[PDB]
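Here is the structure we will look at, set down as structure tokens.
Sequence lines set the chain letters: A, B, ... in the order given, protein chains first and strands last, and positions in each chain run from 1. Whatever order the structure lists ligands and atoms in, that order sets their numbers, starting from 1. No hydrogens, no waters, no symmetry mates; every other heavy atom, side chains included, goes into these values.
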Amino acid sequence: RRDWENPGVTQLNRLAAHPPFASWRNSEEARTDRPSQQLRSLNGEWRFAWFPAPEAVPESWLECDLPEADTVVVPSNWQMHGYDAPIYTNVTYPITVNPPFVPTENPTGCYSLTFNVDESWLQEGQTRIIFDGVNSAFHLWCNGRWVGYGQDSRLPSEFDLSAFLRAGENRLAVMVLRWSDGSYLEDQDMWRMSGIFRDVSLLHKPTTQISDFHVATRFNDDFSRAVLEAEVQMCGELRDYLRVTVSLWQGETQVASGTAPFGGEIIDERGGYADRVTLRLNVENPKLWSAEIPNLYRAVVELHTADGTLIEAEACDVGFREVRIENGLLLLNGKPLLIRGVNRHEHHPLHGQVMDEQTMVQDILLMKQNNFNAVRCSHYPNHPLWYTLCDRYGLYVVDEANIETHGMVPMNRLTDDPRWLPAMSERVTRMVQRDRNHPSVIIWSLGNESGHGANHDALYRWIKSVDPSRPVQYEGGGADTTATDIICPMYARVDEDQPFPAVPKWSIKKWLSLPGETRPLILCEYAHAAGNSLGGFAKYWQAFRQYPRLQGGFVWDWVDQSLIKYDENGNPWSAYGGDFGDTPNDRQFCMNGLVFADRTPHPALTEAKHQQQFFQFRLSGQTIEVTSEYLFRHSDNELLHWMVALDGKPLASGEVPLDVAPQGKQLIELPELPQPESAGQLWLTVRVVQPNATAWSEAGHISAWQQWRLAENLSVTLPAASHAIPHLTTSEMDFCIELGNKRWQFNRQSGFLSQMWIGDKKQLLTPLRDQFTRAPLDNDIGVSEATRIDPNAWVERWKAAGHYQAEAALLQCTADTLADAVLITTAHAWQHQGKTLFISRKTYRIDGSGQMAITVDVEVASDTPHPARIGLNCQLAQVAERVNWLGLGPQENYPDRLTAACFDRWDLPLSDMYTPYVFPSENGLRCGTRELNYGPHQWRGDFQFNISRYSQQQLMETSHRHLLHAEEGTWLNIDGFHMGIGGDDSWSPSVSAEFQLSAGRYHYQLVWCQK
Amino acid sequence: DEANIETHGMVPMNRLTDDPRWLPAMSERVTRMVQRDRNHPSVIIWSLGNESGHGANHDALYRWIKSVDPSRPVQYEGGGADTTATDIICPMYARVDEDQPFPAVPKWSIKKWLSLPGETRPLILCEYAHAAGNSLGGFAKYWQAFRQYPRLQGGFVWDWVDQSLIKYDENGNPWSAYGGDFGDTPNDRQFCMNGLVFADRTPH
Amino acid sequence: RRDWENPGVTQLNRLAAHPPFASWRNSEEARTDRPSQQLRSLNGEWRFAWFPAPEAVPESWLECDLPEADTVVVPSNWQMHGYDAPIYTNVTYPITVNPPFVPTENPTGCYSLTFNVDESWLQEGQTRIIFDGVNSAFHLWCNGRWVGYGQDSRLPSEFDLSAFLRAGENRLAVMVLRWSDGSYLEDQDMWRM
Ligand SMILES: O=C1O[C@H](CO)[C@H](O)[C@H](O)[C@H]1O
Ligand SMILES: O=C1O[C@H](CO)[C@H](O)[C@H](O)[C@H]1O
Ligand SMILES: [Mg+2]
Ligand SMILES: [Mg+2]
Ligand SMILES: [Mg+2]
Ligand SMILES: [Mg+2]
Ligand SMILES: [Mg+2]
Ligand code: NA
Ligand code: NA
Ligand code: NA
Ligand code: NA
Ligand code: NA
Ligand code: NA
């Protein structure tokens, strides 16, 4: 029958979808959500054998264990155990596009388990098996007898095993197919794996059972009154003595309870549902649920007889909240939301796509700690525990159907075909039937990148009909089709339009006011965080805050999809597309997270945290104005700390408790501060500290901060005259300067400071030269597909122009002796194919104090692509343990991504001055730096810099971080100017004009001296 | 043009149509109809079927047609004749002046139906003036109303021809049979004959 | 697999639906809507045999005409030929309401046709068969090989027979089931045939 090559057959003998069940036979256990003796886990060690195709599977496998099989842990993806390679491809399908057919060589995983089943489970009731996640299709056998079939790798497939089991030992046989017609709806840009990767368990339900229940909460205008409505469905024989009681609990207090026999109201000419009943409970002054304060109640649904005999009980957490779009705004409990979200795949570097509670909790804590209040389930229903945690910790969730057909041409070829409507409908309907009771889910998504087809409109309407409590959204076909209540573009820019034909990405500010448009706009994806990214992030938030209908978005994305591999020594290293022999592959494009695979933050995380702060500030005179962006809570766990420092040196500080109501403001008058003595710039730095611990953070947690330049006193004091006068030694080949035991050597041939001595120890391994290039960032490379060679990308334009090939040609090199110093004047031209790209003119002034004043004036030909940077670089002969600097920090920060950094005195070990991006590139830069200290060296001025054991050349030529080797000495890059890193997307030039070095003529000065 | 979907015998009527497990089977009866007949100028209105109550599957298929073929209005009578699955109020046997306030699915008099708060759609009875036997009394009342009220745009009489079958007696002469004459049981007897003309097309 | 008791399976190997085709190889004929040589009718005399259930159908029938069968005209409702009785019920289903199951005693009509096909049709192109109406479900065989399945009594079911036909004589075998899960969607107030 080859059911795995037929979109008409998405399952066989599969039970109906429903909300989480546990079949408690005790109500208190249901109330407290404790383990149920009726819900057994079958996770653990299973038997496993791998086959090249389903036709290679021996019939004997159905009757008994294959000796050739191994014992492995379940859940798991078999690629993670080494049976075959995991494949990383973005758009292009991992298989030949020929729906509904899949390759004849179809990796087949045969799972089997021998287990016991208590006789008590078979003497009465129904025993079913539950597979929470099987990728991508499978056949089931119990004791050699065929049971059923199932598709959709992201939702549970349940089967009745009542007639298949026997008291004692039993054996299951599961044939998991890697590829199936379902694979055509699962073309998400992620690793392609397979197997039983989610839980497997047995559930025993009585014959007369609760087969489904829906919980709805409606409110009056001011939310002071609520009605909890619970519809309950049952299966089995209807009896007049049967009853359903629904009780609502607030902690250990019972708030309300209602009982009633079965039999619903009249529906149509034929009657009503005799097997259903709806309980309505009144609730006064309900504690409302929100991401801010996740208030929760517990609803227990008991099925019982009139004489008080419990048959079974189910239950769920209930969050009282209303979600609705009104007059163009997405409102929660009547307040307009501002979505600080992020897309999040279920990925683990060792276990692949298998999710565990610990990793989930770790992600949520890190998310809330970094000011995120929402998550999009890109691009499929998640492990059932995710929703429970988001309900309890408080995060708004966009639950998304497992449907992506990106590799089709056009994208909507399948979604506009009615023959695929059935398969698509199940991926949407079974998601809703499963997650509809979770308060954390506030929006339904029809899928991702499947263009826009008629099948979308049908399913959109289906949701709106069965569940009017949640808005529905979908980005395909232009982000504003008739299948979405929300304009949800991906990578649409703030001010710049991208007028693509048919599916244009208008700037978000413009999109809102297009003739006739009235819907709110929330980007489903934005600020692509691939590698050194998030440049321009602050631009989005300034817009989100200014425009009511711009209600945020979800950053792409949370965690790098890198996998752990081990070298000969057994040392682990991070791998990406193509490191498993997988091909075609899209290499490093699977890594776009704010955090590394092991959850260590990327520098970009701090920028997001800062921009997504819930408190805003304005300074006026001595008054700090604090505005709360919380919609429901007062600042009852916040105190503001302020600090004033003169160039890093603390002068005054203090703290005032914060007491601002949601959306309110507070004025904090700073005490009179004694004006500083010495010259310099005074800086005010405020930060919000939460004194008390919470479910998501520790005491002392910093949730927000901001800085302001205060008074500055320019230095007018003339330095005391020097004691000695530097001496100039002119030779045919050099210009050497002597002063004490210090020496400076300038090569008259190259025209660069080739060497500098302190005593007799050389300070440089490589001369000090200009540098106008950088090891390309993921954004500079600009490709989402390894097969695309984009000429328009920055790196390609830089190479073509010869920036990476340019060579300095000495135009001038003279030396003069001044009354108290030596002046070396030079001029260089950088050319490529007879074209002068850059002209750099410098002057070096070394005086009696041993300080070398370097002035650099650069010319950049207007018709050459704007350079990555304008500065100098050299390889210092020495290596120190610390790096001290007065500037923006402490973390890596670039021109278009430095709002989170603070000007102050920072001191870190050399290693922290290097960011371990899996795919090496320019990194570790720090801007607004006025002083840099390293070893015995000190550089002063107004520059940007990075310092590490890796030259731009090595980073540029090494594809993986684990292959980098520390070079002798220390590489120093000091830039007068540096181009933005961009990030609006990573497959087209994204550096905003204001951050491009297009001025033509640049000037910067650096003083180099001994410390 | 009407999809082959009628689940009248269910309790309640929408038991299958509000069940997503039956959405596939239902979608094929609607989608394959549209793909076959969309080029015929005679077809001016699509129908989602008959007497299947009103379920979510109806709303889904209703929108599917509106999306693939905007040139024709879509109508459906199940669930009250005025649900979100129909562009036309299309009751069956709703009377001209007399209301029939059935619970949940009332059949208002057609003149009153048009003006209910918020109602704006045209009204065309998908079925009316049941011509079973000596019938059609009051027919003229409908037409006086159709002519006076702009939004009352007619209807479809039920129905065209008796569903009687030919049987033969001892002499071998033909006679007109109805429910139960073939030993079929249970059966609803003469209720299959509601036409304006006899089975042989002779006028009533 | 009892495909007639599974609303999840409404057809097997059925071609996409589409507007009326005639495949003219002459435009003038297409303009005047004249008969097309590429569209052959298979209406006429067929071989038919009635069975109380699909389980009673002998395997021999798949590759050889049953001698007990009669020659009947098609299209036709078998109740009209007297094989069993037509049923008239208004609202109440003629079968026990227990979706998606139907009675085990499911009147089965076995149709077969021996017909010719010219090599010119098989040497090039696609040859498909079209059933404009089959009540209410059926399995199709061609020269003893299973071809497909179909439901919905009021729309055409088309199947590609290009790989099952041969030059010369060919034999179709169609097993039509009176009841199927599709019957649950066909409870119109009319005779049940
Ligand atoms: O548009 C997109 O951009 C991302 C690029 O990393 C990723 O492929 C998402 O799944 C896709 O929706
Ligand atoms: O409401 C109806 O009335 C008629 C009674 O003869 C017939 O049963 C139609 O099919 C049905 O829609
Ligand atoms: Mg399939
Ligand atoms: Mg994609
Ligand atoms: Mg700032
Ligand atoms: Mg079927
Ligand atoms: Mg009826
Ligand atoms: Na806004
Ligand atoms: Na990606
Ligand atoms: Na406080
Ligand atoms: Na690199
Ligand atoms: Na009128
Ligand atoms: Na009738």
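When distances to the Na ion (ligand 10) are checked against a cut-off of 3.0 Å, A:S635 contributes an N, O or S atom below that limit. For a distance bound of 3.0 Å, the N, O or S atoms of A:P691 include none lying that close to the Na ion (ligand 10). Distances from the Na ion (ligand 11) show that A:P776 has no N/O/S atom below 3.0 Å. Using a cut-off of 3.0 Å, one finds that A:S921 contributes no N/O/S atom close to the Na ion (ligand 11). The Na ion (ligand 11) does not have A:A775 among its coordinating residues (no N/O/S atom, backbone or side chain, under 3.0 Å).
Relative ring orientation between A:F544 and A:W541 is described as perpendicular, the plane-to-plane angle rising above 60° on a 0-90° scale split at 30° and 60°.
Angle O (A:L955) to the Na ion (ligand 11) to O (A:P920): 100°, rounded to 10°.
Within A:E638, O is the N, O or S atom that lies nearest to the Na ion (ligand 10).
When only modelled atom types and interatomic distance are considered, A:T623 and A:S620 share no side-chain donor-acceptor pair under 3.5 Å. For the residue pair A:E922 and A:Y917, no side-chain donor N or O sits within less than 3.5 Å of a side-chain acceptor on the partner. Judged by distance alone, the side chains of A:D579 and A:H960 do bring a donor and an acceptor atom under 3.5 Å apart. A donor-acceptor contact closer than 3.5 angstrom is absent between the side chains of A:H641 and A:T685.
Tested against A:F903, the residues A:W708, A:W683, A:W885 include a single ring pair (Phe, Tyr, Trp, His ring centres under 6.0 Å) partner, A:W683.
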